[PDB]
Amino acid sequence: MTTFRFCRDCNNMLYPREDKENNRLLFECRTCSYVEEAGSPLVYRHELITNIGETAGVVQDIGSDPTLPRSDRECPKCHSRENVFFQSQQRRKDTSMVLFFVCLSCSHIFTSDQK
Amino acid sequence: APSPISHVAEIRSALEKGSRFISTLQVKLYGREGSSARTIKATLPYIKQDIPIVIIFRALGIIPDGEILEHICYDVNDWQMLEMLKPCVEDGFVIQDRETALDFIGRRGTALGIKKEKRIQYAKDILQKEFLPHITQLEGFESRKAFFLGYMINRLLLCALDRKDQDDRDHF
Amino acid sequence: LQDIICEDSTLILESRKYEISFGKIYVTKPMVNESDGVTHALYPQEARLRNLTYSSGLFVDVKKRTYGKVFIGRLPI
Amino acid sequence: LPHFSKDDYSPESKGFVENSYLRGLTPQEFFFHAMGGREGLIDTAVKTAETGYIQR
Amino acid sequence: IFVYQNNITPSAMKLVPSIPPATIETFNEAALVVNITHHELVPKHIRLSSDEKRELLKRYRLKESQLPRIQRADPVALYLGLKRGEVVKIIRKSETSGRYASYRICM
DNA sequence: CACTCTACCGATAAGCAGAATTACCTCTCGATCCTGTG
DNA sequence: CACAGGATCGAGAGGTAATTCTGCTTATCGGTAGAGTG
Ligand SMILES: [Zn+2]
Ligand SMILES: [Zn+2]
C-alpha cells in the first residue's frame with residue numbers, strides 16, 4: 001500500500017509471489033521476467049474509514065483567497081494573531097465540524113480540537 | 001443505488017466554429033459498492049459496448065501501464081487511487097501493444113462487415129475524429145487526448161473517493 | 001453568415017474538374033418587389049400595414065473554375 | 001451568497017430573517033423569502049395535479 | 001399435522017396432497033414459535049358448519065361467489081385448517097357499534 | 001457412495017406499455033411538386 | 001404554346017437527456033434427485 005511496485009526494466013508493475021524454496025516474498029514483472037528481493041511484510045491493505053488529519057491540499061498562497069474567513073487565534077509556533085480557518089474538505093454526512101486553522105506566516109497548520 | 005452504476009462522468013463536446021457534432025463521451029464505474037470488480041470502462045461513440053480505459057490508453061500510444069498510472073494520478077502519495085485502479089491495470093493485460101488495442105477496438109465496431117485489415121483504420125479514424133472533437137481533430141496529437149482522459153478519470157475517482165461533491169445541475 | 005458561407009464552399013465534381021468557390025456575401029437594405037417589378041425601400045410601418053415581411057436580400061460571389069453577385073435569398077432583419 | 005464568507009453557519013447567513021414586514025427586509029432575506037415562495041408555488045402546482053389524479 | 005425445522009422438500013410437497021380423503025398439513029417451527037391469534041389486531045374467527053352456512057345463505061339471499069374471500073394460504077386459514085368452500089365468522093369491535101359480525105368464504 | 005448429464009422449481013436481470021386535475025377565454029399558422037409529356 | 005400523379009429520408013448517422021412504478025415476457029443462473037457400477 002506504500003507504493004505500487006514498478007519494474008525497473010521496462011515500465012510494467014510487479015505482482016507478488018512466494019519464494020517457498022527460500023520461503024520468501026518476491027515481486028515478479030512476469031512480462032520480462034524480472035525478480036528482485038522484494039522485502040516487505042505488507043502485501044495489501046484496505047482502509048474502511050477516512051481519518052481527520054488529512055486537512056486539505058494546503059496549496060501555497062492560501063491567504064490570497066478572500067473568501068476564507070480570518071480569525072485571531074494564536075499560532076502555536078510563531079504566536080501570530082492572524083490566520084485563516086476552514087472546515088474539513090472530506091465530503092460526507094459523518095464528518096465532524098472541527099475547524100482547521102492555517103497560519104499565513106510560518107506556514108503552520110493547527111486544529112481547534114480541544115477535546 | 002439499484003442501478004449497477006455507482007458514479008458516471010461525461011463531457012458533451014462540441015465545435016463552436018465547425019459543423020455541430022454534439023458527441024458524448026461517457027465514463028462509468030461498474031464497481032457498485034463492494035462488488036469486487038471496481039472496473040471503469042469508457043463509452044466510445046459508434047461502439048455499443050464499453051471498453052476498459054487501459055485499451056483506449058494503449059490505442060493512443062501509451063503502451064506501458066506505469067505511464068498510464070502516472071497520467072491518471074499526478075501524486076504518488078495518494079495510494080487510494082492506485083488501489084482503485086489496480087483492477088483496471090489487471091484487466092488491461094489482454095492488450096499489450098497499440099496493434100492489439102486497435103484490433104480489439106475494431107472487433108467491437110462494425111458487425112464483421114469486412115476483415116480486420118480495415119478495423120485498424122476504422123479505430124484510427126474514430127479516435128482521430130470523434131474522440132473528444134474539441135481539443136484537436138488532426139493526427140499525431142494523441143498525447144493531449146490521453147491527458148484529458150486521465151484528468152477525467154482523476155475527477156471521477158475524486159468524486160468516488162468522498163473527496164468532492166456531485167456536480168449540481170442547477171448551477172447557472 | 002460569412003463563416004457559414006466560407007465553411008464548406010466547395011463541391012468538387014469530376015482533366016475534368018469543376019469547382020464553385022463561393023465568395024464573400026453582401027447584405028443590402030430591406031426592399032420589396034411588386035407585380036410591376038419596380039423595387040423601392042420598405043419601411044417597418046408599411047410592412048406592418050401591408051402584411052409584408054421586413055427582410056433583406058442576400059448576395060454572394062460565385063467564381064466557377066474548370067480544370068458576379070447572385071441572389072440566394074432574403075434574410076429577415 | 002457571494003456576499004458571505006466560506007464555512008459560515010451563522011443564522012443570518014443560512015436564511016434566518018430578523019426584521020419584520022413593517023421594518024423591511026435586507027436583500028439576503030428578501031432572496032431567501034423569494035426562494036421559499038417559489039418552493040410553495042411549485043408544491044401547490046404539483047400537489048393539485050397529483051390530488052386530481054388520485055381523486056379521479 | 002407435520003412440523004419441519006428449516007425447509008420443506010418440493011418432492012415431498014408434490015405427494016403432500018395425495019392419499020385422499022386424509023389431509024396433510026405442513027407447518028414451520030419458526031412460524032409456530034409465537035401465536036398470531038393472541039395478537040390484538042387479529043379478531044376472533046369462528047368456523048361455520050354446513051347447516052349454518054346454508055341458513056346464512058338463505059337468510060341473506062346470496063350465492064357462494066357473493067361473499068368476501070379469504071385465501072387458503074392465509075395464516076389464519078392455516079391455523080384453523082380451513083378447506084375450500086368453508087365459511088368462517090369474524091367478530092370485531094368497531095367505534096360505531098359495540099360488536100360487528102362478518103363472514104368470509106375460503107376461496 | 002459418488003461417477004454424467006437428465007428433468008424440476010426458485011431467484012435475478014433486462015426489454016416492453018400506460019399514464020399522468022377540471023372548466024373557460026383569445027390569437028395564428030397550414031391543408032403539397034417535378035420529372036415527364038404533345 | 002403550353003399540363004400531371006405519386007409519394008418524406010437515406011446509407012449514414014445521430015440528430016440524440018429530463019419519468020417511474022408497476023406487471024408481463026424472455027433470457028440467465030442456481031440449485032436438487034436418478035438411469036446402473038467398482
Ligand atoms: Zn518488467
Ligand atoms: Zn504561525
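First the proteins, then the strands, lettered A, B, ... as listed; each starts at 1.
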Check: Who pairs with B/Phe21 by ring-ring contact (aromatic ring centres under 6.0 Å, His included), at least two apart in sequence or on another chain?
Finding: none

Check: Rounding to the closest angstrom, what is the interatomic distance between G/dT19 and F/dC24 at atom P?
Finding: 31 Å

Item checked: 5'-to-3' dot-bracket of DNA chain G (Watson-Crick, G-U; under 3.5 angstrom; crossing pairs as [ ]; | other strand) -> |||||||...........||||||||||||||||||||

Notebook entry, point to check: G/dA11 and G/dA17: how far apart are their P atoms, nearest whole angstrom?
Noted result: 25 Å

Notebook entry, point to check: So, are E/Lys83 and E/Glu86 salt-bridged, with charged N and O less than 4.0 Å apart?
Noted result: yes

Next item on the list: Can you spot which of C/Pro44, C/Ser56, C/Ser55 makes a side-chain contact (heavy atoms from CB on, under 4.5 Å) with C/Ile77?
Entry: C/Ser56

Checklist line | C/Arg48: partners by salt bridge (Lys or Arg N to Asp or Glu O under 4.0 Å), with sequence neighbours left out | finding: none

Next item on the list: Test the C/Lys69-C/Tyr26 pair against the cation-pi criterion, namely NZ or CZ under 6.0 angstrom from the six-membered ring centroid and within 45° of the ring axis.
Entry: yes

Item checked: Integer angstrom distance from the P of F/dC25 to that of G/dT20 -> 37 Å

Next item on the list: Starting from the 5' end of DNA chain G, give me the residue, E/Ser11 or B/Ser23, whose nearest nucleotide shows up first.
Entry: B/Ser23

Notebook entry, point to check: If you measure from the P atom in G/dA18 to the same atom in G/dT22, how many Å do you get, rounded?
Noted result: 22 Å

Check: Is there a side-chain contact between E/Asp74 and E/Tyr79 (heavy atoms, below 4.5 Å)?
Finding: no

Next item on the list: Could you check if a side-chain atom of C/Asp61 sits within less than 4.5 angstrom of a side-chain atom of C/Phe22, using non-hydrogen atoms only?
Entry: no

Notebook entry, point to check: Side chain of B/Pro4: nearest nucleotide among F/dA14, G/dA17, G/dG15?
Noted result: F/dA14

Next item on the list: Pick the P atom in F/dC27 and in G/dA7, then give their distance to the nearest Å.
Entry: 40 Å

Notebook entry, point to check: So what's F/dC27 paired with, Watson-Crick or G-U wobble, going by both distances under 3.5 Å?
Noted result: none

Notebook entry, point to check: Which of the following nucleotides, G/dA13, F/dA14, G/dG15, is nearest to the side chain of B/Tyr46?
Noted result: G/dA13

Margin query: Given G/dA17, G/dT16, F/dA19, identify the nucleotide with an atom nearest to the side chain of D/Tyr53.
Written below: F/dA19

Notebook entry, point to check: Is a donor-acceptor pair below 3.5 Å formed from side chain B/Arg12 to base G/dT16, judging by atom type as modelled?
Noted result: no

Next item on the list: May I ask you to say what D/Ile54 touches in the nucleic acid, namely base, sugar-phosphate or nothing, with a heavy-atom cut-off under 4.0 Å?
Entry: nothing

